[PDB]
Amino acid sequence: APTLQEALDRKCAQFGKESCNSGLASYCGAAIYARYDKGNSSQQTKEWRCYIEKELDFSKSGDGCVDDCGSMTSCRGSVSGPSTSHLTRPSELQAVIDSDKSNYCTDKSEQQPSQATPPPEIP
């Protein structure tokens, strides 16, 4: 993974497609992503879970990702309705965040790099 959030997607590939390996048709050949968002209806409140693209909504801005450092950054892909094809491993996602932060972490170059990078403060 090039960035910390993708190491999450990678963590996600290890749980998600693990379920796929167990027979879960959903993750089977699916694109699974790490999204700190809501799960199933009864499984609300955002926690790091593994959501296959099936379950995310890219019409939702994913203010539940993590940037290169473990801070929740904004990137399109978030649970619109109750997510079914998902794995709540918030301990494990935030773990590779914590861990792979050694593989990617900036001193907060302002999360969500949409180019330009204008200083959000006037001295």
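Listed as the method for this PDB entry is solution NMR.

By the naming in the PDB entry, the protein goes by Microneme protein 3 and is assigned to Eimeria tenella. As recorded in the PDB, this entry has the title "Eimeria tenella microneme protein 3 MAR_B domain".

Draft legend 1. Representation of the side chain of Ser83 in the model. One can find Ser83 in the loop between β2 (47-52) and β3 (86-87). Separated by 3.5 Å, the side chains of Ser83 and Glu55 make a polar contact. Those residues in contact with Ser83 that lie beyond four places of it in its chain are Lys38, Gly39, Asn40, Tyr51 and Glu55.

Draft legend 2. How the structure looks around helix α2 (residues 90-100). Residues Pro90, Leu93, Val96, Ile97 and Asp100 constitute the buried set of α2. Projected down its long axis, α2 carries its buried residues within an arc of 135 degrees, all on one side. Exposed residues lying more than 90 degrees from the buried face of α2 are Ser91 and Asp98. On its buried face, α2 sits against α1 (4-21), β1 (32-37) and β2.

So, how was this worked out
Residues numbered from 1 in each chain as written, not as in the entry; some residues may be left out. Heavy atoms only, no water. Helix = DSSP H or I, 4+ residues; strand = E, 2+ residues; numbered from the N terminus. Polar contact = N/O pair within 3.5 Å; in protein donor to acceptor, adjacent residues only side chain to side chain. Contact = heavy atoms within 4.5 Å. Buried < 20%, exposed > 50% of the residue type's maximum accessible area, 1.4 Å probe, protein only. Arc of directions from axis to C-beta.

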